[PDB]
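Please read the structure below before turning to the comments.
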Ligand SMILES: O=C(O)CCC(=O)C(=O)O
Ligand code: NA
C-alpha cells in the first residue's frame, strides 16, 4: 500500500494526502502510516475537520497505547493553550512517549508554527570520531522531582537508526565537569537544531501532526502574541531506550 506522501523539507517531514483519520482505518492504512512516521519522523494530515476529541483518541489507539487534567468526554486527550524550547517529550522519565498526535483546533492567523528536528539525521552527520564519542556518553535528564540517565545515542527499536537523545531536559553529561558538559552538549545539540535537520509547519485548523518522539525534538514558536492557539494532543506510551552497547536507561531519583 502506497500513501500519497509529499515530503516537506529535504531531511524530515511529509504531508500525507487522501487519508481521513479515524478509529476505523484498516490495517494496511495504519501500517503505511507507521512506516511513513518512522521514515519521515513527523507526518502531517490536513483538513481533518471531522476529527473530534473522541475520534482523535480512537485513532490514536490504533498506533499505540495512550498515556493518562483531560478534555471532557475523553480519558487521554489533553489541551494546550508555551513550549518555545527544543526538547524531546518527557525525557526525564525512563520510558518516555514514542509519539504524539496533535490536532489544531484554533490556529493564529499569523505565527504559531511548530518546528521538528531529526535527531537521527543529526547523529549521522557527525564526523566518525564524534559519533564514537557520542556512542559512549550518558546524560542526566531532569524536570527541575524526576531524574533519569539516558544514553546520548538511542538505537531506534523499529528501524535500528541511531539518534541523539538530548534537548531541554538534559541537566548534564555524566562524568564531565559542568564546563565540559556544556561544550559537549552545545556541539551535539547544535547538530540537532541545524536548519537542514528541521521542518517548520504553519498550522491551519484541522491539521494533525504525528511525530516519532524517539528520533525528534520539537519547538513551538512563541511569536503570535494574544492570538488564540488551541491544540489537542494524545501521547502514546514508549519503551525504555537502549544504547549502542545494549545498556538501558534508568531512573535515579523518584
Ligand atoms: O504546541 C506544540 O506544538 C507542542 C507543545 C509541546 O511540545 C509541550 O507541551 O511539550
Ligand atoms: Na513537547
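By the numbers in Swiss-Prot, the shown part of chain A spans 13-80, 85-97, 103-165, 191-300.
Each Cβ is built from the backbone N, Cα and C atoms, and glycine gets one as well.
Under the heading Fe cation binding site, Swiss-Prot lists 108, 110, 264, citing experimental evidence as support. Here Swiss-Prot flags 135, 275, 279 as 2-oxoglutarate binding site.
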Between residue 135 (2-oxoglutarate binding site) and residue 264 (Fe cation binding site), the C-alpha gap once rounded to whole angstrom: 7
Binding-site residues whose CB lies under 6 angstroms from ligand 1, from 108, 135, 275: 135
Annotated binding-site residues 135, 275, 279, filtered by Cβ under 6 Å to ligand 2: none
Closest of 108, 110, 264 to residue 279 (2-oxoglutarate binding site), Cα positions, binding-site residues only: 110
Other CB atoms, at most 10 A from the CB of residue 110 (Fe cation binding site): 22
Non-site residues, in chain order, whose CB comes within 8 A of the mean position of the CB atoms of 108, 110, 264 at Fe cation: 104, 107, 109, 213, 214, 259, 262, 263, 265
Largest tally of Cβ atoms lying within 10 Å of a Cβ, found at which of the binding-site residues 108, 264, 275, 279: 264
Secondary structure at residue 275 (2-oxoglutarate binding site), reduced by DSSP to three states: coil
2-oxoglutarate site, defined by 135, 275, 279: further same-chain residues with Cβ within 8 Å of the Cβ centre: 96, 123, 125, 133, 249, 266, 277
